[PDB]
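1. Sequence first, structure after; it's an experimental one.
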Amino acid sequence: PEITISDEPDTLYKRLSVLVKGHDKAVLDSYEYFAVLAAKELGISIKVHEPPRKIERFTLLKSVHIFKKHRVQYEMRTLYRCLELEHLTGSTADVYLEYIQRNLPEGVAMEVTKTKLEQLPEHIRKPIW
Amino acid sequence: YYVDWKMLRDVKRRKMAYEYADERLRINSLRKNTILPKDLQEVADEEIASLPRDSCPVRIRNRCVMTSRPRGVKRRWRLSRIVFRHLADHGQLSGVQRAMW
Amino acid sequence: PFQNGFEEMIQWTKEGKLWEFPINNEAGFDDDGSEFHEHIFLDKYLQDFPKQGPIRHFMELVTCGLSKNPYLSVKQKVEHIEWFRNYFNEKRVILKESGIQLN
Amino acid sequence: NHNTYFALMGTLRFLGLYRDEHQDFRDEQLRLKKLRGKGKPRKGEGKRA
Amino acid sequence: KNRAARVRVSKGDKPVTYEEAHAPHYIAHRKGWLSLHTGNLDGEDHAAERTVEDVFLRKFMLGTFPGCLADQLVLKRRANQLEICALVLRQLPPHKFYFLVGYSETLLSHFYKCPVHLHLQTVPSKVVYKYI
Amino acid sequence: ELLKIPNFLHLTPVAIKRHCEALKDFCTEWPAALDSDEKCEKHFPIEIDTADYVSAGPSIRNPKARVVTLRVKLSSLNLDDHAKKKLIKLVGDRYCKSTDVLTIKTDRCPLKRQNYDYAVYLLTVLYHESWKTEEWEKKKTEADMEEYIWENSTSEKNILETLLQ
RNA sequence: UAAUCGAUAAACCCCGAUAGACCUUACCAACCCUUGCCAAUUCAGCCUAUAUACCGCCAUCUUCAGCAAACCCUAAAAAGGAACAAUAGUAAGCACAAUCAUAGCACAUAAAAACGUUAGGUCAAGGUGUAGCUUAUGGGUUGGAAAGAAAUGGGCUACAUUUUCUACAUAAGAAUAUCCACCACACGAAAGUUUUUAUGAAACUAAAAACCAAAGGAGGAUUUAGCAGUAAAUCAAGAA
Ligand SMILES: [Mg+2]
Ligand SMILES: [Mg+2]
Ligand SMILES: [Mg+2]
Ligand SMILES: [Mg+2]
Ligand SMILES: [Mg+2]
Ligand SMILES: [Mg+2]
Ligand SMILES: [Mg+2]
Ligand SMILES: [Mg+2]
Ligand SMILES: [Mg+2]
Ligand SMILES: [Mg+2]
Ligand SMILES: [Mg+2]
Ligand SMILES: [Mg+2]
Ligand SMILES: [Mg+2]
Ligand SMILES: [Mg+2]
Ligand SMILES: [Mg+2]
Ligand SMILES: [Mg+2]
Ligand SMILES: [Mg+2]
Ligand SMILES: [Mg+2]
Ligand SMILES: [Mg+2]
Ligand SMILES: [Mg+2]
Ligand SMILES: [Mg+2]
Ligand SMILES: [Mg+2]
Ligand SMILES: [Mg+2]
Ligand SMILES: [Mg+2]
Ligand SMILES: [Mg+2]
Ligand SMILES: [Mg+2]
Ligand SMILES: [Mg+2]
Ligand SMILES: [Mg+2]
Ligand SMILES: [Mg+2]
Ligand SMILES: [Mg+2]
Ligand SMILES: [Mg+2]
Ligand SMILES: [Mg+2]
Ligand SMILES: [Mg+2]
Ligand SMILES: [Mg+2]
Ligand SMILES: [Mg+2]
């Protein structure tokens, strides 16, 4: 485990939001238990919610050649879990999200939105042209 | 071996439509512009007309990948309903279930 | 030989076969070393062209188009504007006959 | 690419790695088709003769 | 009558795995899924390629392992690597088994240009859920 | 059918305890005083919204990744009255008038670093050209006004005529 | 017409098509090419004949309660086999039922629906048994089709006052088939004709204006569909 300290001022995040998409509920429940218990140990101070499910339904003809009065109806359900972390560092972010991501289940996908804190840019500071 | 001669000619239509693509885009850039002269547009007209019509986008036909069925194709899986249903029913298709509501 | 599953993962990752974490979808693609003002501002290649003519109308729409485009690098955009120079100067007769003197 | 999967698996078959029961059905059936005397004519021979 | 993916009633002697004893309409109720990947979720891409991959993996696993494949093939896809899980009968001696394990892992990692991992679990006789 | 079920076994809570205790060394601390959003605003006014998506398959390339968002409160900018309102009229829809939030969505470039640099570029540019008064700004129509100025009004001349009579 | 195929009583008829200007494309008209897609093969390739040879998918009886191995009885047994103050029947299997889905119940709908029947449907989803084609029943280019004298099934819009216009969302204003010479208008042009515009290499397609305003005045025998948030009416979305 090689650790090194660069003098540069590590990035801050106000809100690290993690979307966990799934088909099944159970896996996301367990994974929630996992991310919660992992973010408690590191004292990351997080919340979790359930964004309402989205269901897509499309229909195919039931027979090879012709009966159009008969249809098969197929379904894809996507269920949500969102982890909301507030007031975290850049390194804490890279580690926690490394640990959370390496173990991510096969049927589930993950979308992360990071709002990162920057003071102001240089040409804007207090010059006027 | 591609499963049909159909899929043969359509594959050659994908290669071709990728090849002359730049030519298409740049010619049709002027041809569809109002500000430019009509005279550059008649010549640009003869120009995209000169290209082999096997390289144009709309001559391409979406088919099922494995079974080649020209119609009844589900865009996202590129699969005919026969084969789609077959695959999803064995549960070989992930997430696809029978709809009840 | 392998001592652990972690040894497996580790070696796959050093080898570059296993993915990089936490994943950035841009890993392995450097985009030629380019920056936005090489993408957004196409003035460089609009230098040689008639300035007040409608050729600037057409080429400013082409420019503003190649600016909005994430799907192409510097190189191919430049090949576009260059093919346009080559073709516009290719026919000197049309431009002049059309009723506007064009350089 | 269908040429890829087709040729690759056929090779792997003759190289004795992959096993195709479909091609074996086909083969055995053309064996019992030609053994019968109705084969696939050598090119150019069938029509005129 | 609905004929999709079903096993008809015999004189009552026909040996049947839990897998083939459940009609398509049971999927996600009782039946799980044979293949697992991100592609059919709400916001995601390239379901088609994971499907082609799936199909060819069926063909490949059934042609590479003659007569010894017990139940239908379980495909997992995680962090770009494929975990291929197969329940397989005991037929051939361990030598040929590891030969084909290494062989398959290599050829599959290299064709699909991504790391493959193969798990075989051996079973004495085909698992029978019903009849018999 | 137990072979298809994801096994959380490797993630069993003992393993999470030990893993997060061996991962205690990589993480870096969070600053005390920043504990409230107020001091976060007084200190760092700007938010940068970055999107990261992971899915399974051979390829890592995600189209939606590139999008960069900037959220800047206009109250935290050094802007003049003239600069602030010329900026409202300049940027427009990117500006929310109730909460005072300015939003820049940047797309056009392949790499996210480039969308970030061009978004902060748009920020600097709009700020530098918000302070430049030009010829046509003295040509300002009174219909263009975000306010009703009592000077040079119609109600003013109605008042002066009513008081004339 | 030189110019596809298939479905065609209930269980065909906006049907395979959740989709033909080229393509799709099987078709016809000419022309061209014969180890003619593949690692190899006296071998490829065949939307050629067989759905009365079949696998796959289905229709239907049917939202019908049964169907079937293992046995056991019947002065013979083709076959049948229950009576609850019970007279020879016991039976695991599979239907139905029960649970699941419709984000809690309950209901409803959805799904489920065995065995067999209709040699019901499809060798054009694909795959094959049998027969055929192999300088052609194969593979390419190019152009060509889909015309109405009718006959009919299904729809959409109506025939107007519970209507029509504009505002508009649910108190408003005007129009209103006969005055009569209106400088015609009340409803009703989705149809035509012009000009645009969408897409496209190619308008035969689609959309919007203007013009035009025709049949139609609630329709013969005879019939469809619906028991509640249904019918009916109004609106949007998606699939390709
Ligand atoms: Mg098309
Ligand atoms: Mg039915
Ligand atoms: Mg016909
Ligand atoms: Mg017929
Ligand atoms: Mg009939
Ligand atoms: Mg019939
Ligand atoms: Mg109908
Ligand atoms: Mg045609
Ligand atoms: Mg033919
Ligand atoms: Mg016949
Ligand atoms: Mg039949
Ligand atoms: Mg028939
Ligand atoms: Mg049949
Ligand atoms: Mg019963
Ligand atoms: Mg029995
Ligand atoms: Mg009996
Ligand atoms: Mg329930
Ligand atoms: Mg009920
Ligand atoms: Mg039902
Ligand atoms: Mg039931
Ligand atoms: Mg029933
Ligand atoms: Mg028949
Ligand atoms: Mg066939
Ligand atoms: Mg055959
Ligand atoms: Mg031919
Ligand atoms: Mg043709
Ligand atoms: Mg009639
Ligand atoms: Mg209606
Ligand atoms: Mg109506
Ligand atoms: Mg009124
Ligand atoms: Mg009209
Ligand atoms: Mg009229
Ligand atoms: Mg009349
Ligand atoms: Mg009646
Ligand atoms: Mg209704």
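-> All right, it came through fine. Residues are numbered from 1 along each chain as shown, chains lettered A, B, ... in the order given. Ligands and ions are numbered 1, 2, ... in the order given.

2. Mind telling me which residue of chain A is nearest chain C?
-> residue A:97 (4.0 Å; C-beta to the nearest C-beta). The C-beta positions use only the backbone N, C-alpha and C, and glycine is treated the same way.

3. Number of residues surrounding that residue?
-> For residue A:97, the neighbour count with other C-beta atoms under 10 Å in any protein chain shown is 23.

4. so it touches residue C:22, yeah?
-> Yes - between residue A:97 and residue C:22 there is a contact at 4.0 Å, judged by C-beta atoms under 8 Å.

5. what about residue A:21, how many residues close to it?
-> The number of residues packed near residue A:21 is 23, by other C-beta under 10 Å.

6. Go ahead and report the secondary structure state at it.
-> Judged by DSSP: H, G, I helix; E, B strand; the rest coil, the three-state class of residue A:21 is strand.

7. Distance check, it against residue A:115.
-> Applying C-beta to C-beta, to the nearest Å, the value for residue A:21 to residue A:115 is 20 Å.

8. Flag every buried residue along stretch C:53-73.
-> C:54, C:55, C:58, C:59, C:62, C:63, C:66, C:69, C:70 (16 or more other C-beta atoms under 10 Å in any protein chain shown).

9. Would you mind putting those residues into CSV with secondary structure alongside?
-> Below are these laid out as CSV (three-state DSSP):
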residue, secondary structure
C:54, coil
C:55, helix
C:58, helix
C:59, helix
C:62, helix
C:63, helix
C:66, helix
C:69, coil
C:70, coil
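
10. want to try JSON lines for those residues, with distance to residue F:130 as columns?
-> What follows is the buried residues of stretch C:53-73, written out as JSON lines (distance: C-beta to C-beta, whole Å):
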{"residue": "C:54", "distance to residue F:130": "33"}
{"residue": "C:55", "distance to residue F:130": "34"}
{"residue": "C:58", "distance to residue F:130": "32"}
{"residue": "C:59", "distance to residue F:130": "30"}
{"residue": "C:62", "distance to residue F:130": "30"}
{"residue": "C:63", "distance to residue F:130": "26"}
{"residue": "C:66", "distance to residue F:130": "28"}
{"residue": "C:69", "distance to residue F:130": "29"}
{"residue": "C:70", "distance to residue F:130": "28"}
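
11. Nearest to residue F:81 among the residues you listed?
-> Nearest to residue F:81 among the buried residues of stretch C:53-73, counting by C-beta to C-beta, is residue C:63 at 35.9 Å.

12. What does residue 104 show for phi and psi?
-> Let's take chain A. Note on residue A:104: its backbone torsions stand at phi -60, psi 130 [degrees, to the nearest 10].

13. not quite, I wanted chain F
-> phi -110, psi 120.

14. repeat for residue F:53
-> Main-chain torsions, residue F:53, degrees, to the nearest 10: phi -120, psi 130.

15. ok, now residue B:29?
-> Torsion angles, degrees, to the nearest 10, at residue B:29: phi -70, psi -50.

16. Am I right that it is in contact with residue C:62?
-> Yes - using C-beta under 8 Å, residue B:29 is in contact with residue C:62, at 6.6 Å.

17. quick one: buried residues of the helix or strand hosting residue D:24?
-> In the assignment (DSSP states H and E), residue D:24 maps to helix D:21-34. By neighbour count on 16+ other C-beta under 10 Å, the buried set for helix D:21-34 is empty.

18. and residue A:111, how many residues sit next to it?
-> Residue A:111: 19 neighbours (other C-beta under 10 Å).

19. just to revisit the earlier point, TSV for the buried residues of stretch C:53-73, including distance to chain B?
-> Shown next, in TSV, are these (distance: C-beta to the nearest C-beta, whole Å):
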residue	distance to chain B
C:54	5
C:55	8
C:58	5
C:59	10
C:62	7
C:63	12
C:66	11
C:69	11
C:70	16
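
20. quick one: secondary structure of the closest residue to residue C:66 other than its chain neighbours?
-> Distances taken as C-beta to C-beta, 6 or more residues apart in numbering or on different chains put residue C:77 closest to residue C:66, at 4.4 Å, once the chain neighbours are dropped. With three-state DSSP as the basis, residue C:77 sits in helix.

21. The longest helix seen in chain F and chain A in contact?
-> Of all the segments of type helix in chain F, defined by DSSP state H, the longest one is helix F:112-128. Yes - remark: helix F:112-128 sits within contact range of chain A at F:120, F:123, F:124, F:127, F:128, by C-beta under 8 Å from any C-beta of the partner chain.

22. Tell me where chain A has strands.
-> Assignment of strands within chain A using DSSP state E yields the ranges A:12-22, A:46-49, A:54-61, A:71-89, A:109-118.

23. List the neighbouring strands of the shortest one plus their orientation.
-> So the one you mean is strand A:46-49. Strands adjacent to strand A:46-49 in the sheet, as given by DSSP bridges, are strand A:71-89 (antiparallel).

24. do the strand it pairs with and RNA strand G meet at all?
-> Yes - using C-beta under 7 Å from any atom of the strand, strand A:71-89 reaches RNA strand G at A:71, A:72, A:73, A:79.

25. Now for those residues: which two are most distant?
-> A:71 and A:79 (25.8 Å).

26. okay, these two: which has more neighbours?
-> In this view residue A:71 and residue A:79 are compared by other C-beta under 10 Å, and residue A:79 has more residues nearby, 22 against 11.

27. contacting residues for that one?
-> Contacts for residue A:79 (C-beta atoms under 8 Å, 6 or more residues apart in numbering or on different chains) come out as A:21, A:22, A:23, A:24, A:25, A:28, A:50, A:53.

28. Distance-wise, check the third one relative to chain B.
-> Distance, residue A:23 to chain B, using C-beta to the nearest C-beta, to the nearest Å: 5 Å.

29. Also the fifth one?
-> With the distance defined as C-beta to the nearest C-beta, residue A:25 ends up 13 Å from chain B.

30. dump the residue contacts of that residue.
-> Applying C-beta under 8 Å, 6+ apart, we find residue A:25 in contact with residue A:79.

31. looking at it, residue B:35 is touching residue C:54, isn't it?
-> Yes - applying C-beta under 8 Å as the test, residue B:35 and residue C:54 come out as touching, 4.9 Å apart.

32. ok, how many other residues are close to the residue in chain E that chain A sits nearest to?
-> The nearest approach of chain E to chain A comes at residue E:42, 3.7 Å away (C-beta to the nearest C-beta). Neighbour count for residue E:42, taken as other C-beta under 10 Å: 17.

33. Return the set of buried residues in the top helix by length along chain A.
-> Assignment by DSSP H gives helix A:25-41 as the longest helix of chain A. Of all the residues in helix A:25-41, those buried under the rule 16+ other C-beta under 10 Å are A:27, A:28, A:30, A:31, A:32, A:34, A:35, A:38, A:39, A:41.

34. Pull the number of nearby residues for residue 17.
-> I went with chain A, as the question did not name one. Neighbour count of residue A:17, defined by other C-beta under 10 Å: 17.

35. You answered for a different chain; I wanted chain D.
-> Neighbourhood size, residue D:17 [other C-beta under 10 Å]: 16.
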